[PDB]
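These notes are about the structure you will find just below.
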Amino acid sequence: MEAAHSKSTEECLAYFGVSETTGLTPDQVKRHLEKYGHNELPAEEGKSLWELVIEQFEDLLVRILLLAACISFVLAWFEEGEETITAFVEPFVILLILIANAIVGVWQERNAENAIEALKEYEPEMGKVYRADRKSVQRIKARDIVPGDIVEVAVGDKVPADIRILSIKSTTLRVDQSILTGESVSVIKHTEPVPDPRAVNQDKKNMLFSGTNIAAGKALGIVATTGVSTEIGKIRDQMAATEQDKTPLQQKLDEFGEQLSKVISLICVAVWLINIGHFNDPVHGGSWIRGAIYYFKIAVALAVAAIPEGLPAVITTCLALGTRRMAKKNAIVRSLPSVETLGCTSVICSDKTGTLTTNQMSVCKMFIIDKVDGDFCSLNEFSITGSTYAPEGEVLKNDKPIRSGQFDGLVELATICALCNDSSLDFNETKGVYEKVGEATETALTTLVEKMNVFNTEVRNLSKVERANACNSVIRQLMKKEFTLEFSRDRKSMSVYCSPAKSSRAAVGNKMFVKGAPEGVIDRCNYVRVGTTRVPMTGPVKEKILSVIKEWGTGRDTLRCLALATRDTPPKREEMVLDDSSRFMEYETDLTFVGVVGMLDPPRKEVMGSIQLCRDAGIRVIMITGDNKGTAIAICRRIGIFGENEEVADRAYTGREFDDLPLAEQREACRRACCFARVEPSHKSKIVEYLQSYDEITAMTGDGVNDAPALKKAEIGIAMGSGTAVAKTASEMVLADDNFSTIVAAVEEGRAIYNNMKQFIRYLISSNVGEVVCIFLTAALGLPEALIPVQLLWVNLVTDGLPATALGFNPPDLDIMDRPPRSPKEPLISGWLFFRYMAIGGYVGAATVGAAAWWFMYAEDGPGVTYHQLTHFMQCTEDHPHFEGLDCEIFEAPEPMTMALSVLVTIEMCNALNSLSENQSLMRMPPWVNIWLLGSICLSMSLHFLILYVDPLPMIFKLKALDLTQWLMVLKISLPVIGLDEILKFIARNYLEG
Ligand SMILES: C/C=C(/C)C(=O)O[C@H]1C(C)=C2[C@H]([C@@H]1OC(=O)CCCCCCC)[C@@](C)(OC(C)=O)C[C@H](OC(=O)CCC)[C@@]1(OC(=O)CCC)[C@H]2OC(=O)[C@@]1(C)O
Ligand SMILES: [K+]
């Protein structure tokens, strides 16, 4: 395996010591394979349903629950025969929760798809090699190809390994590197080595990357690297080495787990410390077993009271909902947990072309020199109407319409555009529109031609179909395209050698038409065509040319410029070696400049404002383009990244400038920069790590497989709907319309989702707090079980689940985007809020406990044990002659529990209205504000009633319907909550900073 692109064909045949005609010898193959491994990507990690299930049972809370599920299962295995049969329902349900919860997580991971797996979609199953053991070519399994052995590839074939090309068996070799480099059009390959050893893939012209397809031709080559060593394998590793943090809310959930675990434990010690006097009791097992059974069944209750068993159910459903809501807005969220992290984006890095702009190129300014008379000079600027690739528009000089033909200079310019260009136009009748056939920038020159047909060649009486390439093919027939010197990033330009065809044109026969970067080509021009004549390119004329070139790329226009020239006396045909990108630059010299063409890549409508939104939303936007920084910066001003007069010294760098900086300034640059032009692949990944060293949540756009590494490392990777599949499977979200503004839209829903999501979480949590309080008093005072595990779960999964999810539909704040990005480390409940719930729980804990006790003593239905130890109720059948002239079974009664459970239920509907706003009073933000809320509160209540009356139910919950007067008591207990909160809110509102 090597750096073959820089090495020559021999040197490579040398390195591996393999014969180009024999290939590797069967021995060499065994040796080579055992030294370089199979040419395949690392096997998938092996996870079992077992590990997958065990993982479900790793969470701390899930464990705490599983444990209690047993204390319960055992406790229920100790009931009194017929005194109870429903005994086994408490433990059975907790399991269903855990069983359910597991089933979810799994059916969650089986349906998951690995971004690293997608890559294997680019590995052909078979390949063709030439080995010593046979005369003719052999079609083996890609996996068995080895670095060194000879391989031949042809059209259709997907490249197997990273190959250095030895000799092209065809006239030309075209490849589709789209995925790995991002060049839609098939490029041309050669055999000559590339000097630079640190070259980027795009410039390795003698290289075949594994996974890309061969568009046209047939060639032979020696395998540079295989497996994880190839260009794609290097990506697989960056991705496999990339580790992703958990959603801040996912973190908070682990945080809350550890903590709950502590508290519960302390509660136990406290409770025990409370009933310490028991160490001063007569020594004899007077319910030694009846007392332990008691605590254990309080243990299980305490557990289901501290864990919000319906919260993950609610979050998952709120995420799924908003998700669809976004799908509507072209924002396709792949991972639900992300809708949150999205909301916290503080930096968005977007590619320019496809997403910030339309990528619908069009030329709207031309200019040909009009006169050179020493120092005096005058150009001929023009403007061209139309943004579409449609052959409709006109040409104007000072806004005044013109027939292009009248200018000789334009007749030349025009041809160059049709001849040099490989792209073309087509018109699909189904959609009734003109379509770009080749590349955006060339296919533009195509429509430019059409719109200015120099010869007036009448075409009006044509259909749109044929109208598409009319004026080009006109010029296509004039000259004969002999051969083309393709584009090369060194000389930044391409050309075409042309013959006159039919005689009478013989004189000035062979010509050479060039088009490339202005500074580039113009430095190679010794002449300038003024009409049909020519004149020595002089300094004055050159300054004037390069001056206009800058107003066009730097001015409010933000235009990309193409210099069009011509070599009048092109080197003799045979004196040219048409297969070495290196010499083409030398063949494209001694040129006479004819004129430049400025085209535009209009920004999308909804982009301007989207950029403004981010300003208000405190989100930094960083552009990633291919433009030079001169125009890059212009485009950045045009859309809003920069002000029109804003300084941009240390806020816009280029791929080189950046690299030329020491790791320190490099880092410093990233916290201020916004426009990054002509950026290599490595970069996207460095810019992310730096933005991260500043604790920022960044978003990164990408389309091809080369972006996957970056995408997988950005907090939120955004892939293009039109982009590769690997790219998509590597990103958290996809943009159907590839439109950047869709990003901003997505981010806004994230802030909206987390806002509502935020509340129902605070809501379900407080209720769990109050539930615990109840249990704590129940045991701290030795009272009869006010609330039972079975009941609690119902209230936690259903009675509170409905109000909870509904709170997820709270009307979004109007200013959501006028506030900076949320801090991930922001806790959900602290400070003053901590205290309110500290107080609310403290309340319901009292309301629930007391509600039940009040039935025992003080009620007309219940036996007033009033102001007498209801508490020592356990020692009762024995001690009855003392303080017990009644039946020791009242305590098992349902009325009492059915009391607390009702006060709990009504207090949780009340606390659901208080959760409509953290600090706004209901008198201000009335409950009717969120209809869904009220609706569910009804569904909930009726559900509560259901389990009270419908016969089968009451029995298992240990609940007996209570009459019209007991109910009124529930109200006198619950309702005060609303007031307690209004007060506590008023405090926040008024005094405490707020
Ligand atoms: C389920 C409620 C029980 C009774 C409880 O013990 O929870 C407490 C504790 C886990 C939280 C605390 C809990 O604190 C309290 O209950 C104190 C115990 C009261 C004693 C009652 C007697 C039996 C949370 C629930 O508290 C509030 C008032 O509801 C608030 C906060 O949690 C939230 O952010 C939810 C996160 C998803 C936590 O805050 C703490 O105060 C910080 C501790 C270092 C919680 O602790 C953290 O994990 C936080 C940030 O999540
Ligand atoms: K990621």
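Labeling convention for the structure tokens: chains A, B, ... as they appear, residues from 1 per chain, ligands from 1 in order of appearance.
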
Original post:
Near segment 838-846 of chain A, counting only C-alpha atoms, which residues have an atom at most 7 Å away, once you skip same-chain residues fewer than 4 positions from it, shown as a PyMOL selection string?
Top reply: chain A and resi 766-767+769-771+773-774+834+850+904

Subject >> DSSP helix (DSSP H, G or I) residues within segment 868-976 of chain A, as a PyMOL selection string >> reply: chain A and resi 871-874+890-892+894-916+927-929+931-949+952-957+964-974+976

**OP:** List all protein, DNA and RNA residues that have any atom at most 8 Å from ligand 2, counting only C-alpha atoms and all ligand atoms, and write the list as a VMD selection string.
**Re:** chain A and resid 244 711 to 717 730 to 732

Original post:
What do you get as a PyMOL selection string if you pick all residues at most 9 Å from ligand 1, counting only C-alpha atoms and all ligand atoms?
Top reply: chain A and resi 249-264+266-267+270+305-308+761-763+765-777+826-831+833-842+845

**OP:** Could you please write out, as a ChimeraX atom specification, every residue of segment 202-376 of chain A that DSSP assigns to strand (DSSP E or B)?
**Re:** /A:207-208,210,212-216,218-225,331-333,347-351,357,362-373,376

**OP:** Can you pull out every residue within 12 Å of residue 136 of chain A, counting only C-alpha atoms, but drop anything in the same chain fewer than 3 positions away, and send it as a ChimeraX atom specification?
**Re:** /A:21-23,128-133,139,151-152
